[PDB]
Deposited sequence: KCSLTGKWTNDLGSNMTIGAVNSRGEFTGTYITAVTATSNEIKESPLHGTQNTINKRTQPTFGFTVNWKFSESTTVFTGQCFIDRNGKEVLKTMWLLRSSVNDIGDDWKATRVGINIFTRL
């Protein structure tokens, strides 16, 4: 059973803490990224359908030092060793002033998370 609760570090050095996942898959936590360190809240859910041991999930980071938003989505795996590892991908939405600048406002990438 891979669980989202606990403290995680990613391939980029950023860290996150997720609280308890409730009966409806809902969960909250904080995302911690850099020197001088900033915290931002995050909210999401974990898919509970078929009570999968490696469930999908998604979660929104409400950046508190910029006007941006990032969503992450992925799955909670247990690798060959028995270790919990979060494979995710994200869309970073930047704020743009004009709707004509919309096409360039969304970055994409990966983040792998292990337990800290």
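The sole unmodelled region of the deposited chain is 35-39.
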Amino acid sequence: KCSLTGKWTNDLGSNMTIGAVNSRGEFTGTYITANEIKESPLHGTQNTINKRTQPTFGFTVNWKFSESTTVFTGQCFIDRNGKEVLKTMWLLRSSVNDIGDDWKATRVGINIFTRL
From here on, numbers count along this sequence of modelled residues.
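When 52-60 is weighed against 78-86, 78-86 comes out higher, by mean CA B-factor as recorded in the entry. In the deposited coordinates, the residue among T30, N35, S68, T73 with the greatest CA B-factor is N35.
Per the PDB record, residue ranking by Cα B-factor puts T106 in the lowest third of the chain. Among the modelled residues of its chain, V21 has a C-alpha B-factor that falls in the middle third, as given in the PDB entry. Among all modelled residues in its chain, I99 ranks in the highest third by Cα B-factor.
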